[PDB]
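Asker: Take a look at this one; I'll ask things after.
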Amino acid sequence: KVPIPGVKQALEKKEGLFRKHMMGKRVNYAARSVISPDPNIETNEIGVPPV
DNA sequence: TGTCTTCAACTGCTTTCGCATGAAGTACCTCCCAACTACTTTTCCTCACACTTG
């Protein structure tokens, strides 16, 4: 009945410590935001909000 | 003596990335707690009978 996981469960499945914190990670110096159109910028630029 | 064949039980996975917002188990046990009522507690107060008198 929901037995605390051991190191084998800790390392595998969807997570696989390898998959959730090694093959992909959170990163610093990053932001996420809803994108808004704008034709006046270059086609190679990105409009960054002053925040 | 030696090699071969099918079935059923067992293994591991089968969208990604984030918000929310975290909450909730529970038997067995209880000692603690809050209660109503009664009972008990500490200081204080005030009167009273007998022998004897004449």
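None of the figures in this text is laboratory data; all of them are computed from the coordinates on show. Heads up, the Cβs are rebuilt from the backbone with ideal geometry, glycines too, and the neighbour counts pull from every protein chain shown.
Asker: Can you say whether A:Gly47 is within 24 Å of the chain's Cα centre (by Cα), small (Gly, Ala, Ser) and more than 9 Å from DNA strand B (Cβ to nearest atom), as far as the supplied structure shows?
Answerer: Answer is yes for this residue.
Asker: Would you mention how many residues in region A:22-43 are within 28 Å of A:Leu11 (Cα to Cα) and within 11 Å of DNA strand B (Cβ to nearest atom)?
Answerer: So the answer is 6.
Asker: Related question: Conditions: (1) in a loop (DSSP other than H, G, I, E, B); (2) within 11 Å of DNA strand B (Cβ to nearest atom). A:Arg19 meets all but one. Number of the miss?
Answerer: (1)
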